[PDB]
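One structure, as structure tokens, below. Some questions next.
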Amino acid sequence: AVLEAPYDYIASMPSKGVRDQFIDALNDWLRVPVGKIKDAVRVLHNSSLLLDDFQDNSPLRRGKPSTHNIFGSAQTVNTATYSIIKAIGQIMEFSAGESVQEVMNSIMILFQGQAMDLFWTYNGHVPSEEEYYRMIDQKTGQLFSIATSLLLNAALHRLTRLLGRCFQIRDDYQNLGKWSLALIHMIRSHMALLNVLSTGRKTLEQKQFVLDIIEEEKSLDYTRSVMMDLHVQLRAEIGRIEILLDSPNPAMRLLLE
Amino acid sequence: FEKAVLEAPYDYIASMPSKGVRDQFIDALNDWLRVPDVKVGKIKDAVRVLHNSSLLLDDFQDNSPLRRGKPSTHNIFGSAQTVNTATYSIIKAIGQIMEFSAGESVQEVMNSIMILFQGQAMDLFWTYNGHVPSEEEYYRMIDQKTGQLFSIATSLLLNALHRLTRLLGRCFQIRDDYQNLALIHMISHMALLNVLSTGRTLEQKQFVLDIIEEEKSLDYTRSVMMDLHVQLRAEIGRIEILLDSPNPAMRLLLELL
Amino acid sequence: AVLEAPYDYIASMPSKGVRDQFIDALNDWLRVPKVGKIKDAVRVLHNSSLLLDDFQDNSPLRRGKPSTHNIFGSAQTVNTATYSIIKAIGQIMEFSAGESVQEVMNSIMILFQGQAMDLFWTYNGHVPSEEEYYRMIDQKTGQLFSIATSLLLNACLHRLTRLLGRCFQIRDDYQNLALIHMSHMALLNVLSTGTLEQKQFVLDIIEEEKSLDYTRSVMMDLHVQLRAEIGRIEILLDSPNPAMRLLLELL
Amino acid sequence: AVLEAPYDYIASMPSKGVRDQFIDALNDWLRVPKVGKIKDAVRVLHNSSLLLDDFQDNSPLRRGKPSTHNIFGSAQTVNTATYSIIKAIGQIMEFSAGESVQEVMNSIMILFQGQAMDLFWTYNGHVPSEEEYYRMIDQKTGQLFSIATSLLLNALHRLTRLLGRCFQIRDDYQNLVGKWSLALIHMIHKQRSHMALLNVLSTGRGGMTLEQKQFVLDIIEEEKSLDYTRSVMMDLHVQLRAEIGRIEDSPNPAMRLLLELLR
């Protein structure tokens, strides 16, 4: 009731879910007899969204007030911690085989990635290409790993890795502070951008400068170029599994991608 | 650098000097139950991780910049980072219990942890909303928030006394108010509730301070702890004589006042 | 490259491009090659002065992208500005020999003197006269041109620089000497920091007096006198002057 | 008149000058008679650098008198600082004008490189290493001694560069009792309290609260990082006392007197 109220608010927010297709897509050729896996996964994602909205203050989520602006910062965090443990207990109910110790690490590594992101945006340590890809896989691609691992046992990991990275690159791609592939790769003029970010830490004219420097560097094309490389390799990954050729890959043909 | 970022706030709290009351209680109960030395160590540290994580959370929810030794963890690392490690440390604690401390009765450990959050949520809801406690559900509220940590320690030791762990937790939390129920035993009545609002001003505190010294509520509260200890003595004896040997380590611990 | 970063940022902006026309114009008469050293040595001095000048008046926007004062902080811009001037002195030493470089430094010594008076007037409440402002004009915008001509000459024309230099700063000021002209007593009292009404009032009192025509009057009379002077030197060396005779870009 | 106003204010303020005693103590070896132009030219350079750094670090009080930028403003202080350097160079030109004046300029050239690195680390959050801080100190403070000794030699440099390091560490040591100090780098690299201090410094840089300042004061004295300064300060003195001994080809009682004054 009172404890589960912050979680209940998020469930009413328009889901536009993307993981449920992925489990259904993996179920297509796995013939697993599904809901119990999805609902446990969904609680984890809802809690993860609930936490991150508080961590990075955003007045609105999708046109509606944020959970920490109407429920209080203290109450939202308590429900978020409670939600994860409820999901963990649910998973253990049907995961006697393949001891839940394996599912334990996937949750733990998930918090490892989110810790690295928060450290970088607090102490200002600029990331690199390899370092950023390590955090992006841990924070986002681990959720798909949990669903894939559960589905396989109750009856490919590289498929989740490639797909997991693409969604979080999407997150920074359509968004345009927090680091991004476009901003990281851009850093002709690099010293100018470094001092601008440090200045803004402690400014509308400067906000004009940063947006302009992306246009001249045209790093958005670079994100598009990397994104196409991901699709082709995963397309081979889809085709490499040829036991069932009837998979229509509808997630790949999503309109906005 | 991987684990250091994630565990930076936890070892900050683990380095604090603490009274170590929980270690005394688990050592006291071990003499009754004759628990092997190896399992006692794992139980003590698993409980210790949970307590430190709760301390990390409680500091952020209830803003307490002052803290023994060095300042609070949300003024030393940041609000975002301390919450992330608090959740991570809890999940590692559960996995630690599952790995060796518990074989096939892990469900009750999750159940005892789950109710622990429900009591904390109720307390936070009262503070934010402002609804006054009813002076009766506060005992049930304080049982869930503190007495469950004693219960989780007792339950693991038993599988490797029920009334004792519920009573001692109740007395322990009510002690902290005395050293710093008193605010709620008073509710003279209608004037206090009206003056409580609109400033939740200097004379209002003095009026509150004045009405303390006339009703002597803190003295009624003083008496609470005293009788609580005697209530605990009953259990010690009851078990001491039930147990082949009358382990009196708890009797020495009972001089907690 | 952090030291040179604020200077390079202000050099990425495509500048007005006037000294290059002037140094190329003068080289038409004096067949001296070396000019590239003169071109960039003066360029370093002007950009470094621009870095300093922008900081002192707290200009929040030079052209388009924000100024160096708002990007690298006040500390780094000043350090880079001071470092670039001494480097500019160094480049002159390598080619321009001794004494020549000493006289060269006397101009830069003088050039900072004129800038000091302007800041003193802006900071301490003071009123200038026409004579005082005219001297301040020469010491700031005319010393840079004098350096450029002096280096070219040794590798008269001095009167040309002070006439052309005086025009360029008053021409840029015209994009707003008008306030130097000035009833006068009423305007002086509000000039001492007294509020939008007084900003309106001063606008009418200068528009109704047609000080813009007065500023244009100094523009025209100074230019026509110079046009005789430039021809005077162009016949001394018997030159048609196909390039310097282009003074209509600054009109 | 008004151009010399801020420099004269900082030149009339008397302070314990050690760069002055370096020249005449060194002159006891070289016996070069002109030290009058050498001593004052270095003084103008040092005073000019002082005006810049005061505005650069926003120092409220130099030693009790109001800061030069708090009475004349930031605009005039920078203008008079740049002009003073040019005059200081002009004084140096009057002697040895035939050549070797490029030696003076590259000494001034490298001086600004060190201050830029110090500013860049302060404005951003680039934590320095032990090697990085040592080379920056040499090229920021120890270079002013190197230019002074070079002109005297024209009319040993190992002594001057290493004397610069000892002098600046004392100032950094005296500074503590948000820039960088040798205590900060030494404890950052060590395992204990590495992450805690790194987050605290980023937290203040918006400023550090009273409790947080106490924490930073608490950690330094408990890890003997303040004791680490005397570890490298005293050792440095011993090896320097050998360097002066080996060059001397006449007895020099003067330079030893300077060493005991330092510590």
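Labels for the chains are A, B, C and D, by order of writing; each one numbers its residues from 1.
Heads up, the rule we're going with is that a residue touches a chain if its C-beta (ideal position, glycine included) is under 8 Å from a C-beta of that chain, and two chains touch if they have at least 3 such contacts.
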Chain pair showing more contacts of the two, A-B and B-D: A-B
Rounded Å distance between subunit B and subunit C, as computed from the means of their C-alpha atoms: 74
Euclidean distance of C-alpha centroids - subunit A vs subunit B, Å: 35
Subunit A and subunit C, separation of their C-alpha mean positions in angstrom: 56
Multi-partner residues of subunit A (each touching 2 or more other chains): 122, 195, 199
Contact pairs between chains, per stated definition: A-B, A-C, A-D, B-D, C-D
Of subunit A, residues touching subunit C in the complex: 189, 191-192, 195-196, 199, 205-206, 208-209, 212
Of all residues in subunit D, those that touch subunit A in their complex: 123-125, 198-199, 202, 205-206
Interface residues, subunit C side, partner subunit A - complex: 1-2, 5, 9, 12, 60-61, 65-66, 70-73, 76
Residues of subunit B that touch subunit A when the two form their complex: 2-3, 5-6, 57, 60-62, 78-81, 83-88, 90-92, 94-95, 98-99, 106-107, 110-111, 113-114, 117-118, 120-122, 124-125, 127-128
